[PDB]
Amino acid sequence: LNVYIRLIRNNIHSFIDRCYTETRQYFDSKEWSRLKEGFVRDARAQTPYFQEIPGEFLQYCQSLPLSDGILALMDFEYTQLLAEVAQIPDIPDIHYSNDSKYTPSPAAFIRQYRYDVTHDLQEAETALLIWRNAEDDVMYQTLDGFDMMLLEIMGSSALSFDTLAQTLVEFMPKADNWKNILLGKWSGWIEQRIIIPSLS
């Protein structure tokens, strides 16, 4: 066990502690070290790519397996790092009309947990949107069913507000006040950097 192997094992421990700060609190000092000592001795920790360590530790933990509540909390935490690190294309600062197509940010993720990963692992169906906003801060928020559907559909094929609003016209009341509420929601997703212009 050479000086290099000892260095990378210490960098593994340190990186895991940094990525899984909430999860770490559900364990004892000794329990947490045991988890890590096991990972480091496992084949998944032999990756030559340091970037792959947090994700391999999550898969190590899912194979043990840790409880379902801890596993959901670990996935949530990993997803935050995925949003922190996601590459979001440069967007020219010009005028984009409601005829211009949008796509969700590559730094935006839809998660479904059977536990309340935002609070204290309550058994309760939880639906969250994790993303990075215009100020480069990781944010999460509860996602309702309409929103989840739209983001998922939008992930399938870039969409303009005009196209969105026109498709829904047939499944909505004749009075078009909803189009104004919707545009408000859509505009808020642009400000928060949940959706970005789809630039070809």
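Numbering starts at 1 and runs along the sequence shown.
Undergrad: Using only the Cα atoms and their B-factors as the entry lists them, report which of 65-73 and 147-155 averages higher.
TA: Taking the mean B-factor of the alpha carbons in each, 147-155 is higher.
Undergrad: Going by what the PDB entry lists, where does residue 199 fall on CA B-factor within its chain: lowest, middle or highest third?
TA: It falls in the top third of the chain.
Undergrad: Taking the chain's C-alpha temperature factors as the reference, tell me which third residue 142 falls into: lowest, middle or highest.
TA: Middle third.
Undergrad: Place residue 13 in the lowest, middle or highest third of its chain's C-alpha B-factors, as listed in the PDB entry.
TA: Answer is middle: the recorded C-alpha B-factor places it there.
Undergrad: Pull the Cα B-factor of residue 101 out of the PDB entry and bin it into the chain's lowest, middle or highest third.
TA: Lowest third.
Undergrad: Quick one: classify residue 51 as lowest, middle or highest third of the chain based on its Cα B-factor.
TA: Answer is highest: the recorded C-alpha B-factor places it there.
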